[PDB]
Amino acid sequence: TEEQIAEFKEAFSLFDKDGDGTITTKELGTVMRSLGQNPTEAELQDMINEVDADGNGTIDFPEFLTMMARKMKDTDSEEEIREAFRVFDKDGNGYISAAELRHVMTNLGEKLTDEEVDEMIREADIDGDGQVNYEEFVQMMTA
Amino acid sequence: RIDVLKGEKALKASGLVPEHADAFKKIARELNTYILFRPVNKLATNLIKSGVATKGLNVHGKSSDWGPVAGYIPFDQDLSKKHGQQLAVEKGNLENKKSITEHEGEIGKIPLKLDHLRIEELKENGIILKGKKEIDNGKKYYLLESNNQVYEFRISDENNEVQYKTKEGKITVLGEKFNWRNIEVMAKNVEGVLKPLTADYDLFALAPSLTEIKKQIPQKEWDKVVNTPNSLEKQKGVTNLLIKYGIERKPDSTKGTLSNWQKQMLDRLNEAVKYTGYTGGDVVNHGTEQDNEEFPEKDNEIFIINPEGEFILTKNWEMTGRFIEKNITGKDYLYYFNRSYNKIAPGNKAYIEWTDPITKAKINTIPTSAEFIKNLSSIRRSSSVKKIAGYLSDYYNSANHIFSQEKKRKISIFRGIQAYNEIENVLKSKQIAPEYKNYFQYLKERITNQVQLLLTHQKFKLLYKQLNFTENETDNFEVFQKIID
Ligand SMILES: Nc1ccccc1C(=O)O[C@H]1C[C@H](n2cnc3c(N)ncnc32)O[C@@H]1COP(=O)(O)OP(=O)(O)OP(=O)(O)O
Ligand SMILES: [Ca+2]
Ligand SMILES: [Ca+2]
Ligand SMILES: [Yb+3]
């Protein structure tokens, strides 16, 4: 959107000791991950190895603002996910708890031992509160 | 205990043809899924029943609820229920003016005819009474009176067409005045002929039982994930199935934005009434309100048929929401509320509030990285350390699931004070924009409650006095370790 396109441009100027929005691929990942991504050293290659045949190895806004202008498609599910989270949060405390995750599961068909479940909360828990908040429930479903 | 209506008194207040609301009990039970309907022009009911074609989504003119044309959809929207208000009665016609041209052939307009029977139906509801006779150039007209001041109507004896004109003295909302002219109603094409349109059954929300959704997922794609060694790639694949098969909806050609179980659940409904006899075709033409994000309507009374065939009727939003909290969203059903509810809808600029749990907590959780940046985005609508954006990208480090809770709490609580620090000195430098200065006074607070929370979960500023801002490495970390014990 206008705002989206107004964001990729925002953070882009957070780290560029060049000034003219002319960054490097050495820091391109530092830009995509800080803004919500986790690409591999390979994904940086093939992509940048098509539009940037300049040989300079530098990047600007118009360039970057078009690359994400593709990936940012099937990923936009953000919504569905957020609505999904709210489905689990049966109590509406803002966090998904074992007891809750149990229901969502048993009622879906897959029964789980009070053990296996408490495992899913822990492998999904990133801050130890023993519960998953949207922020978390997001990573667990994105990265 | 919440003061809602039930059974008969509820159905009556709804608008749905009785036979139909009954036919719906079935499907509500058969699929254990709550059916929630939006109001329905009461003057439309008897029309629906007699078999009038309800209006699809390609027609947006409002139905009238007064005068002789009550129940139908007047072409001159000033005869609609929005009578009297301009920007509305105006944005109305334009809509009609479009349905007639951009759908040439599919939708048209025709003269209103009140047959001998309907007239009575109206004399009963006390909407219009057949008055004295009148002759105009060899034509017998019977006047039709209403308690309305601007317009005056009458009906012909030959073909039963109704006409209206402005009353000597008054002026249309749009500022007009005219003399005797046919009242035109929005019609639809059926077998080459034009048939009038009445209200349609607008669905507020559809919420089925979580199990009912399972049936949707193919017992093949399910197992594939149900049987995954690891646990993580499992939850993801699990949830993602709930998404893909129950939560997600896409735009359809004429049903607006809906999902698939909805398309079926929808279709079953229209069929269900065709069985009782409604010959006018469908009677539910578009997806549920919660998917209407451009022109959201906030109705006081909502009609609810529960999976037990019972009848309810929320007395008002606050309550409509209370009922959805205690019987649907907190009882293991599939439910999602419109995405524009606590935002300004773009279409009509509406601002419909709704209780969103994810936000309630917002205050007690520290911000991710995007939220930070994207907040520096929508923050620069009024109007250099990328460390705070990193420390924030560190806190939610997926590569955290190998450590133990005890561990997690530590590095995080630390990663918090680490981010809460690189923020303190940014403020200790230039008050940049008065409003940015606030955002941070805010984060600093969210950072607190979160950090503090992790500590009380296990063992604030107190500890912020003893620590190294000064050099930089793991050395700073080392001092920390001990402190927590
Ligand atoms: N276009 C303009 C003029 C006036 C008001 C709004 C708009 C109008 O375009 O916006 C419309 C679109 C929207 N809507 C309802 N279910 C939908 C579904 N899930 N998907 C998409 N949209 C849905 O609702 C608005 C009108 O809905 P409708 O169902 O055509 O008539 P309704 O509200 O029942 O009028 P009545 O029967 O009372 O005379
Ligand atoms: Ca919860
Ligand atoms: Ca957690
Ligand atoms: Yb409709």
# chains A, B, ... in the order shown; residues from 1 in each chain; ligands from 1
$ residues_around --residues "residue B:224" --least-positions-apart "2" --cutoff "12 Å" --atoms "only C-alpha atoms" --output "number ranges by chain"
B: 217-222, 226-229, 233-234, 237-238, 241
$ write_last_selection --atoms "C-alpha atoms" --output "compact mmCIF listing (two decimals), in the first residue's frame"
# COMPACT_ATOMS: atom_id res chain seq x y z
CA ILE B 217 -9.96 -30.45 5.92
CA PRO B 218 -9.23 -33.56 3.82
CA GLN B 219 -8.35 -36.59 5.97
CA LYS B 220 -5.09 -36.87 4.04
CA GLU B 221 -3.62 -33.40 4.21
CA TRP B 222 -4.46 -33.57 7.91
CA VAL B 226 -0.79 -34.68 12.34
CA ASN B 227 2.14 -37.08 11.90
CA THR B 228 5.16 -34.81 11.88
CA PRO B 229 8.14 -35.91 13.95
CA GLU B 233 6.75 -27.44 11.95
CA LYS B 234 3.67 -29.23 13.34
CA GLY B 237 1.15 -26.77 9.66
CA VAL B 238 -1.75 -27.36 12.03
CA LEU B 241 -4.71 -25.61 7.98
$ residues_near_ligand --ligand "ligand 3" --cutoff "9 Å" --atoms "only C-alpha atoms and all ligand atoms" --output "PyMOL selection string"
chain A and resi 95-96+121-122+124-133+135-137
$ write_last_selection --atoms "N, CA and C atoms" --output "CSV table (one decimal), in the first residue's frame"
chain,number,residue,atom,x,y,z
A,95,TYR,N,-3.1,-13.9,25.3
A,95,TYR,CA,-2.1,-15.0,25.1
A,95,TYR,C,-2.7,-16.4,25.0
A,96,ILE,N,-2.0,-17.2,24.2
A,96,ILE,CA,-2.5,-18.6,24.0
A,96,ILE,C,-1.8,-19.5,25.1
A,121,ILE,N,3.8,-25.5,23.6
A,121,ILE,CA,3.8,-24.1,24.2
A,121,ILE,C,5.3,-23.7,24.5
A,122,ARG,N,6.1,-24.6,24.9
A,122,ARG,CA,7.4,-24.3,25.2
A,122,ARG,C,8.4,-24.2,24.0
A,124,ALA,N,7.3,-23.1,21.3
A,124,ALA,CA,6.8,-21.9,20.7
A,124,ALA,C,7.0,-20.7,21.6
A,125,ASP,N,7.2,-20.9,22.9
A,125,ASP,CA,7.4,-19.8,23.8
A,125,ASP,C,8.8,-19.3,23.6
A,126,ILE,N,8.9,-17.9,23.4
A,126,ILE,CA,10.2,-17.3,23.2
A,126,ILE,C,10.7,-16.4,24.3
A,127,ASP,N,9.8,-16.2,25.3
A,127,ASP,CA,10.2,-15.3,26.4
A,127,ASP,C,10.0,-15.9,27.8
A,128,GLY,N,9.6,-17.2,27.8
A,128,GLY,CA,9.4,-18.0,29.0
A,128,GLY,C,8.2,-17.7,29.9
A,129,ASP,N,7.3,-16.8,29.5
A,129,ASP,CA,6.1,-16.5,30.3
A,129,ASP,C,5.2,-17.8,30.3
A,130,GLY,N,5.6,-18.8,29.7
A,130,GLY,CA,4.8,-20.0,29.6
A,130,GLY,C,3.5,-19.9,28.8
A,131,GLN,N,3.5,-18.8,28.0
A,131,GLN,CA,2.4,-18.5,27.1
A,131,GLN,C,2.9,-17.8,25.9
A,132,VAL,N,2.1,-17.9,24.8
A,132,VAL,CA,2.4,-17.3,23.6
A,132,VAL,C,1.6,-16.1,23.2
A,133,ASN,N,2.2,-14.9,23.1
A,133,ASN,CA,1.5,-13.7,22.7
A,133,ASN,C,1.6,-13.5,21.2
A,135,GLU,N,2.8,-11.5,19.1
A,135,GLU,CA,4.2,-11.3,18.6
A,135,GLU,C,4.9,-12.6,18.4
A,136,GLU,N,4.8,-13.5,19.4
A,136,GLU,CA,5.4,-14.8,19.3
A,136,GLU,C,4.7,-15.7,18.3
A,137,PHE,N,3.4,-15.9,18.5
A,137,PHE,CA,2.5,-16.7,17.6
A,137,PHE,C,2.8,-16.3,16.2
$ interface_residues --of "chain B" --to "chain A" --cutoff "8 Å" --atoms "only C-alpha atoms" --output "mmCIF file with N, CA and C atoms, in the first residue's frame"
data_model
loop_
_atom_site.group_PDB
_atom_site.id
_atom_site.type_symbol
_atom_site.label_atom_id
_atom_site.label_comp_id
_atom_site.auth_asym_id
_atom_site.auth_seq_id
_atom_site.Cartn_x
_atom_site.Cartn_y
_atom_site.Cartn_z
ATOM 1 N N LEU B 210 -15.818 -25.551 15.837
ATOM 2 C CA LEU B 210 -14.485 -25.934 15.395
ATOM 3 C C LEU B 210 -14.439 -27.317 14.748
ATOM 4 N N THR B 211 -15.149 -28.283 15.321
ATOM 5 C CA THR B 211 -15.161 -29.623 14.738
ATOM 6 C C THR B 211 -15.682 -29.512 13.307
ATOM 7 N N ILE B 213 -15.452 -27.654 11.220
ATOM 8 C CA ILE B 213 -14.418 -27.252 10.283
ATOM 9 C C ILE B 213 -13.550 -28.431 9.904
ATOM 10 N N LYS B 214 -13.164 -29.221 10.898
ATOM 11 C CA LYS B 214 -12.359 -30.408 10.649
ATOM 12 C C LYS B 214 -12.891 -31.071 9.381
ATOM 13 N N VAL B 226 -0.445 -33.993 11.101
ATOM 14 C CA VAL B 226 -0.791 -34.675 12.338
ATOM 15 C C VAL B 226 0.314 -35.660 12.720
ATOM 16 N N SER B 231 7.889 -30.920 16.525
ATOM 17 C CA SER B 231 6.654 -30.374 17.083
ATOM 18 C C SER B 231 6.295 -29.022 16.485
ATOM 19 N N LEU B 232 7.311 -28.199 16.246
ATOM 20 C CA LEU B 232 7.122 -26.859 15.699
ATOM 21 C C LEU B 232 6.528 -26.841 14.295
ATOM 22 N N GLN B 235 2.787 -27.441 14.707
ATOM 23 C CA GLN B 235 1.839 -26.411 15.085
ATOM 24 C C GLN B 235 1.573 -25.517 13.879
ATOM 25 N N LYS B 236 2.651 -25.061 13.248
ATOM 26 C CA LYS B 236 2.561 -24.214 12.066
ATOM 27 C C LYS B 236 1.652 -24.840 11.022
ATOM 28 N N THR B 239 -2.116 -25.032 12.557
ATOM 29 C CA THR B 239 -2.768 -23.745 12.483
ATOM 30 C C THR B 239 -2.987 -23.368 11.022
ATOM 31 N N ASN B 240 -1.921 -23.380 10.236
ATOM 32 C CA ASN B 240 -2.054 -23.025 8.833
ATOM 33 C C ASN B 240 -3.186 -23.733 8.119
ATOM 34 N N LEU B 242 -6.079 -24.517 9.648
ATOM 35 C CA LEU B 242 -7.261 -23.861 10.201
ATOM 36 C C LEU B 242 -7.443 -22.607 9.366
ATOM 37 N N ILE B 243 -6.324 -21.943 9.092
ATOM 38 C CA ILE B 243 -6.313 -20.737 8.280
ATOM 39 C C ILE B 243 -6.877 -21.069 6.904
ATOM 40 N N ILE B 247 -10.475 -20.153 8.106
ATOM 41 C CA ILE B 247 -10.384 -18.732 8.361
ATOM 42 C C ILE B 247 -10.279 -17.840 7.152
ATOM 43 N N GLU B 248 -9.574 -18.314 6.139
ATOM 44 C CA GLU B 248 -9.338 -17.534 4.931
ATOM 45 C C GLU B 248 -10.497 -17.411 3.938
ATOM 46 N N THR B 329 -17.202 -17.216 20.566
ATOM 47 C CA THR B 329 -15.761 -17.094 20.605
ATOM 48 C C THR B 329 -15.100 -17.640 21.878
ATOM 49 N N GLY B 330 -15.917 -17.992 22.860
ATOM 50 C CA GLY B 330 -15.372 -18.532 24.091
ATOM 51 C C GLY B 330 -15.949 -19.910 24.339
ATOM 52 N N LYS B 331 -16.475 -20.520 23.284
ATOM 53 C CA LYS B 331 -17.123 -21.808 23.380
ATOM 54 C C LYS B 331 -16.709 -22.725 22.254
ATOM 55 N N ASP B 332 -15.573 -22.480 21.627
ATOM 56 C CA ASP B 332 -15.065 -23.414 20.620
ATOM 57 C C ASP B 332 -15.742 -23.419 19.251
ATOM 58 N N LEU B 334 -15.886 -21.257 15.190
ATOM 59 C CA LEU B 334 -15.057 -20.445 14.319
ATOM 60 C C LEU B 334 -15.685 -19.057 14.171
ATOM 61 N N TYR B 335 -14.951 -18.042 14.608
ATOM 62 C CA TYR B 335 -15.442 -16.674 14.525
ATOM 63 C C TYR B 335 -14.328 -15.657 14.369
ATOM 64 N N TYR B 336 -14.539 -14.727 13.458
ATOM 65 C CA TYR B 336 -13.594 -13.641 13.250
ATOM 66 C C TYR B 336 -14.435 -12.400 13.037
ATOM 67 N N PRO B 357 -8.874 -8.679 21.887
ATOM 68 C CA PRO B 357 -7.912 -9.107 22.901
ATOM 69 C C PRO B 357 -6.439 -8.802 22.577
ATOM 70 N N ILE B 358 -5.975 -9.110 21.357
ATOM 71 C CA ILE B 358 -4.578 -8.812 21.018
ATOM 72 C C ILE B 358 -4.115 -7.410 21.437
ATOM 73 N N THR B 359 -5.022 -6.439 21.471
ATOM 74 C CA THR B 359 -4.626 -5.086 21.854
ATOM 75 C C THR B 359 -4.628 -4.875 23.360
ATOM 76 N N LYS B 360 -5.630 -5.446 24.026
ATOM 77 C CA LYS B 360 -5.746 -5.350 25.478
ATOM 78 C C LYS B 360 -4.347 -5.524 26.076
ATOM 79 N N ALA B 361 -3.674 -6.602 25.662
ATOM 80 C CA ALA B 361 -2.344 -6.921 26.162
ATOM 81 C C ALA B 361 -1.228 -6.032 25.629
ATOM 82 N N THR B 365 3.402 -6.179 26.559
ATOM 83 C CA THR B 365 4.373 -6.951 25.807
ATOM 84 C C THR B 365 5.265 -5.957 25.098
ATOM 85 N N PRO B 367 7.366 -4.443 22.011
ATOM 86 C CA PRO B 367 7.190 -4.415 20.560
ATOM 87 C C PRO B 367 8.200 -5.197 19.754
ATOM 88 N N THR B 368 7.718 -5.819 18.686
ATOM 89 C CA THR B 368 8.565 -6.568 17.778
ATOM 90 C C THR B 368 9.382 -5.524 17.021
ATOM 91 N N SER B 369 9.995 -5.902 15.902
ATOM 92 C CA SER B 369 10.792 -4.942 15.135
ATOM 93 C C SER B 369 9.881 -4.185 14.179
ATOM 94 N N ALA B 370 9.079 -4.912 13.410
ATOM 95 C CA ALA B 370 8.171 -4.271 12.477
ATOM 96 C C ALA B 370 7.344 -3.228 13.222
ATOM 97 N N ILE B 373 9.380 -0.122 13.606
ATOM 98 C CA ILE B 373 9.603 0.595 12.354
ATOM 99 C C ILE B 373 8.288 1.121 11.793
ATOM 100 N N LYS B 374 7.361 0.213 11.513
ATOM 101 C CA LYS B 374 6.058 0.585 10.988
ATOM 102 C C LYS B 374 5.371 1.623 11.874
ATOM 103 N N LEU B 376 7.277 4.075 13.146
ATOM 104 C CA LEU B 376 8.139 5.209 12.865
ATOM 105 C C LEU B 376 7.704 5.652 11.469
ATOM 106 N N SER B 377 6.862 4.828 10.855
ATOM 107 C CA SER B 377 6.319 5.091 9.530
ATOM 108 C C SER B 377 5.073 5.943 9.697
ATOM 109 N N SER B 378 4.061 5.371 10.341
ATOM 110 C CA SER B 378 2.811 6.072 10.578
ATOM 111 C C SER B 378 3.038 7.137 11.644
ATOM 112 N N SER B 384 20.831 8.574 15.375
ATOM 113 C CA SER B 384 20.388 7.471 14.529
ATOM 114 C C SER B 384 20.938 6.127 15.032
ATOM 115 N N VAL B 385 20.070 5.356 15.678
ATOM 116 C CA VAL B 385 20.429 4.047 16.216
ATOM 117 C C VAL B 385 19.484 2.973 15.682
ATOM 118 N N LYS B 386 20.054 1.984 15.002
ATOM 119 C CA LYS B 386 19.268 0.882 14.464
ATOM 120 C C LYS B 386 19.419 -0.244 15.488
ATOM 121 N N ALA B 389 16.147 -1.368 17.045
ATOM 122 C CA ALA B 389 15.406 -2.191 16.095
ATOM 123 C C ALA B 389 16.014 -3.582 16.016
ATOM 124 N N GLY B 390 17.283 -3.674 16.403
ATOM 125 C CA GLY B 390 17.989 -4.942 16.400
ATOM 126 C C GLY B 390 17.695 -5.658 17.701
ATOM 127 N N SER B 393 14.757 -7.091 17.417
ATOM 128 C CA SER B 393 14.779 -8.232 16.509
ATOM 129 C C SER B 393 15.497 -9.400 17.206
ATOM 130 N N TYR B 395 15.192 -9.937 20.784
ATOM 131 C CA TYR B 395 14.234 -10.445 21.753
ATOM 132 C C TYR B 395 13.394 -11.570 21.164
ATOM 133 N N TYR B 396 12.768 -11.325 20.018
ATOM 134 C CA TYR B 396 11.951 -12.356 19.393
ATOM 135 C C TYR B 396 12.772 -13.197 18.442
ATOM 136 N N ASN B 397 13.861 -13.760 18.959
ATOM 137 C CA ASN B 397 14.747 -14.603 18.157
ATOM 138 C C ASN B 397 14.295 -16.065 18.141
ATOM 139 N N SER B 398 13.642 -16.456 17.054
ATOM 140 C CA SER B 398 13.145 -17.814 16.901
ATOM 141 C C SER B 398 14.167 -18.853 17.350
ATOM 142 N N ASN B 400 15.501 -19.317 19.725
ATOM 143 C CA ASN B 400 15.492 -19.330 21.182
ATOM 144 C C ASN B 400 14.925 -20.607 21.789
ATOM 145 N N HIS B 401 14.357 -21.476 20.957
ATOM 146 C CA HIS B 401 13.730 -22.687 21.473
ATOM 147 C C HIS B 401 14.647 -23.827 21.884
ATOM 148 N N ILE B 402 15.952 -23.597 21.914
ATOM 149 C CA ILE B 402 16.845 -24.660 22.341
ATOM 150 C C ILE B 402 17.204 -24.478 23.814
ATOM 151 N N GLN B 405 13.458 -22.549 29.836
ATOM 152 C CA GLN B 405 12.680 -21.437 30.347
ATOM 153 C C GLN B 405 13.557 -20.570 31.230
ATOM 154 N N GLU B 406 14.161 -21.173 32.244
ATOM 155 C CA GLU B 406 15.037 -20.445 33.154
ATOM 156 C C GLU B 406 15.985 -19.587 32.314
ATOM 157 N N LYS B 408 15.774 -18.746 28.916
ATOM 158 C CA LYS B 408 14.961 -17.804 28.150
ATOM 159 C C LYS B 408 14.667 -16.524 28.927
ATOM 160 N N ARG B 409 14.003 -16.659 30.069
ATOM 161 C CA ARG B 409 13.673 -15.504 30.887
ATOM 162 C C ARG B 409 14.868 -14.570 31.061
ATOM 163 N N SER B 412 16.264 -12.821 27.732
ATOM 164 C CA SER B 412 15.208 -11.922 27.291
ATOM 165 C C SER B 412 15.195 -10.725 28.231
ATOM 166 N N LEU B 454 8.588 -10.832 33.637
ATOM 167 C CA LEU B 454 9.427 -12.020 33.531
ATOM 168 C C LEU B 454 10.158 -12.288 34.851
ATOM 169 N N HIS B 457 7.813 -13.408 37.429
ATOM 170 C CA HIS B 457 7.352 -14.689 37.074
ATOM 171 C C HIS B 457 8.289 -15.697 37.803
#
$ select_by_dssp --residues "chain A" --states "alpha helix (DSSP H)" --output "PyMOL selection string"
chain A and resi 8-12+28-32+41-51+61-71+78-88+98-106+114-124+134-139
$ residues_near_ligand --ligand "ligand 4" --cutoff "10 Å" --atoms "only C-alpha atoms and all ligand atoms" --output "ChimeraX atom specification"
/B:38,40,54-62,198-203,255,283-289
$ write_last_selection --atoms "N, CA and C atoms" --output "PDB file, in the first residue's frame"
ATOM      1  N   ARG B  38     -28.596  -9.812   9.982  1.00  0.00           N
ATOM      2  CA  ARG B  38     -28.694  -8.365  10.176  1.00  0.00           C
ATOM      3  C   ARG B  38     -30.181  -8.096  10.079  1.00  0.00           C
ATOM      4  N   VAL B  40     -33.901  -6.737   8.882  1.00  0.00           N
ATOM      5  CA  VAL B  40     -34.524  -6.962   7.580  1.00  0.00           C
ATOM      6  C   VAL B  40     -35.731  -6.063   7.492  1.00  0.00           C
ATOM      7  N   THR B  54     -35.082 -11.148  -4.026  1.00  0.00           N
ATOM      8  CA  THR B  54     -34.254 -10.313  -3.162  1.00  0.00           C
ATOM      9  C   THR B  54     -33.107  -9.731  -3.988  1.00  0.00           C
ATOM     10  N   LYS B  55     -32.588  -8.583  -3.576  1.00  0.00           N
ATOM     11  CA  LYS B  55     -31.554  -7.905  -4.337  1.00  0.00           C
ATOM     12  C   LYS B  55     -30.115  -8.294  -4.148  1.00  0.00           C
ATOM     13  N   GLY B  56     -29.509  -8.775  -5.226  1.00  0.00           N
ATOM     14  CA  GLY B  56     -28.109  -9.171  -5.169  1.00  0.00           C
ATOM     15  C   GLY B  56     -27.167  -8.091  -4.648  1.00  0.00           C
ATOM     16  N   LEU B  57     -25.864  -8.295  -4.836  1.00  0.00           N
ATOM     17  CA  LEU B  57     -24.878  -7.318  -4.381  1.00  0.00           C
ATOM     18  C   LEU B  57     -24.592  -6.249  -5.432  1.00  0.00           C
ATOM     19  N   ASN B  58     -25.113  -6.433  -6.647  1.00  0.00           N
ATOM     20  CA  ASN B  58     -24.907  -5.448  -7.710  1.00  0.00           C
ATOM     21  C   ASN B  58     -25.893  -4.288  -7.588  1.00  0.00           C
ATOM     22  N   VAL B  59     -26.871  -4.419  -6.693  1.00  0.00           N
ATOM     23  CA  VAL B  59     -27.836  -3.353  -6.429  1.00  0.00           C
ATOM     24  C   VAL B  59     -27.537  -2.769  -5.046  1.00  0.00           C
ATOM     25  N   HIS B  60     -27.361  -1.456  -4.955  1.00  0.00           N
ATOM     26  CA  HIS B  60     -27.057  -0.840  -3.668  1.00  0.00           C
ATOM     27  C   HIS B  60     -28.056   0.198  -3.194  1.00  0.00           C
ATOM     28  N   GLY B  61     -29.120   0.401  -3.965  1.00  0.00           N
ATOM     29  CA  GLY B  61     -30.136   1.367  -3.566  1.00  0.00           C
ATOM     30  C   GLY B  61     -30.861   0.795  -2.368  1.00  0.00           C
ATOM     31  N   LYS B  62     -31.131   1.622  -1.366  1.00  0.00           N
ATOM     32  CA  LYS B  62     -31.819   1.166  -0.162  1.00  0.00           C
ATOM     33  C   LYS B  62     -33.304   0.920  -0.390  1.00  0.00           C
ATOM     34  N   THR B 198     -36.805  -6.687  -3.741  1.00  0.00           N
ATOM     35  CA  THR B 198     -37.082  -6.282  -2.366  1.00  0.00           C
ATOM     36  C   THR B 198     -35.808  -6.492  -1.575  1.00  0.00           C
ATOM     37  N   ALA B 199     -35.878  -6.348  -0.258  1.00  0.00           N
ATOM     38  CA  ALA B 199     -34.716  -6.512   0.595  1.00  0.00           C
ATOM     39  C   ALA B 199     -34.183  -7.922   0.454  1.00  0.00           C
ATOM     40  N   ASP B 200     -33.013  -8.183   1.008  1.00  0.00           N
ATOM     41  CA  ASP B 200     -32.506  -9.539   0.936  1.00  0.00           C
ATOM     42  C   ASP B 200     -32.010  -9.909   2.338  1.00  0.00           C
ATOM     43  N   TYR B 201     -31.781 -11.189   2.631  1.00  0.00           N
ATOM     44  CA  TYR B 201     -31.311 -11.550   3.971  1.00  0.00           C
ATOM     45  C   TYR B 201     -29.819 -11.302   4.160  1.00  0.00           C
ATOM     46  N   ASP B 202     -29.459 -10.197   4.788  1.00  0.00           N
ATOM     47  CA  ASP B 202     -28.058  -9.913   4.981  1.00  0.00           C
ATOM     48  C   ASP B 202     -27.527 -10.667   6.210  1.00  0.00           C
ATOM     49  N   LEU B 203     -26.482 -11.469   6.016  1.00  0.00           N
ATOM     50  CA  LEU B 203     -25.891 -12.219   7.110  1.00  0.00           C
ATOM     51  C   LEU B 203     -24.911 -11.359   7.885  1.00  0.00           C
ATOM     52  N   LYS B 255     -20.674 -12.831  -4.934  1.00  0.00           N
ATOM     53  CA  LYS B 255     -20.991 -13.078  -3.539  1.00  0.00           C
ATOM     54  C   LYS B 255     -20.108 -12.243  -2.629  1.00  0.00           C
ATOM     55  N   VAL B 283     -32.056 -15.918  -1.748  1.00  0.00           N
ATOM     56  CA  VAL B 283     -32.570 -15.041  -0.726  1.00  0.00           C
ATOM     57  C   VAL B 283     -31.441 -14.646   0.236  1.00  0.00           C
ATOM     58  N   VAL B 284     -30.214 -14.961  -0.164  1.00  0.00           N
ATOM     59  CA  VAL B 284     -28.996 -14.625   0.584  1.00  0.00           C
ATOM     60  C   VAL B 284     -28.010 -14.467  -0.553  1.00  0.00           C
ATOM     61  N   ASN B 285     -27.704 -13.236  -0.949  1.00  0.00           N
ATOM     62  CA  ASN B 285     -26.831 -13.046  -2.099  1.00  0.00           C
ATOM     63  C   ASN B 285     -25.386 -12.684  -1.877  1.00  0.00           C
ATOM     64  N   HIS B 286     -24.970 -12.424  -0.644  1.00  0.00           N
ATOM     65  CA  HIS B 286     -23.574 -12.047  -0.458  1.00  0.00           C
ATOM     66  C   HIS B 286     -23.009 -12.437   0.879  1.00  0.00           C
ATOM     67  N   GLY B 287     -21.687 -12.479   0.955  1.00  0.00           N
ATOM     68  CA  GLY B 287     -21.034 -12.893   2.183  1.00  0.00           C
ATOM     69  C   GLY B 287     -21.455 -12.157   3.427  1.00  0.00           C
ATOM     70  N   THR B 288     -20.922 -12.575   4.568  1.00  0.00           N
ATOM     71  CA  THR B 288     -21.239 -11.964   5.859  1.00  0.00           C
ATOM     72  C   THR B 288     -20.574 -10.602   6.133  1.00  0.00           C
ATOM     73  N   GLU B 289     -21.301  -9.768   6.862  1.00  0.00           N
ATOM     74  CA  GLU B 289     -20.873  -8.430   7.249  1.00  0.00           C
ATOM     75  C   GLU B 289     -19.440  -8.364   7.716  1.00  0.00           C
TER      76      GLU B 289
END
$ residues_around --residues "residue A:22" --least-positions-apart "2" --cutoff "12 Å" --atoms "only C-alpha atoms" --output "list in words"
residues 12, 13, 14, 15, 16, 17, 18, 19, 20, 24, 25, 27, 28, 56, 57, 58, 59, 60, 61, 62, 63 and 64 of chain A
$ closest_residue --among "A:1, A:113, A:98, A:118" --to "ligand 2" --atoms "only C-alpha atoms and all ligand atoms"
A:98
$ residues_around --residues "stretch 448-450 of chain B" --least-positions-apart "2" --cutoff "12 Å" --atoms "only C-alpha atoms" --output "number ranges by chain"
A: 127-129, 133; B: 361-367, 395, 409, 412-421, 440-446, 452-457, 460-464
